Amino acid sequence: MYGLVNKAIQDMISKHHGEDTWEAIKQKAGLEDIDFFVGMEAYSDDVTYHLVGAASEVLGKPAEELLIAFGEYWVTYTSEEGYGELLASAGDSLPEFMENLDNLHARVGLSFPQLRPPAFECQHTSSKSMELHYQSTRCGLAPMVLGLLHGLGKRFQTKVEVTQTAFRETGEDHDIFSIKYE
């Protein structure tokens, strides 16, 4: 995954738990020979998994919980790190932003060539609900989507409820989320 993801995890932990805790995690992740993450450079996915795994152990929180927090953090973090305009061009409401999600990831995809973005499809079921279909080349990142959706809720002063209804882990084709919103 691109450096920006690892920078954000790093930033999230440093800001909440301090520089020492970050170093402890860094060490345990097996990444002490890396002084900084380069935001526009592609890293092996392993870097991210090892980071999250290491932080799970050092912080005493399950990985899935950290992925949720990371998901929430990302919406705010990107607006401050080069993507404020891009975010604003994706919409004025949550359902609109969700429709534009592939588009948004493609507009990053011009900048970042070796991107492997997820694919999202919205089936609207009412003016206050939708089904969100999530397909990915990667495993175990559905909890991250849950945090992203709450981030977006916060962004749009919109109350939101997200419940996963289908899991790859039980053998379903792809993850599906039921979403209700203000």
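When you see a residue number, it is the position in the sequence shown, counting from 1.
- Averaged over their C-alpha atoms, the temperature factors of 59-67 and 28-36 are higher for 28-36.
- In this crystal structure, the stretch out of 139-147 and 112-120 whose C-alpha atoms carry the higher mean B factor is 112-120.
- In the PDB entry, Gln164 places in the lowest third of its chain by CA B-factor.
- Placement of the Cα temperature factor of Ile9 within the chain: lowest third of the modelled residues, per the deposited record.
- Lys128: CA B factor lies in the highest third for its chain, per the PDB record.
- Remark: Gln157 belongs to the highest third of its chain, ranked by C-alpha B-factor as recorded.
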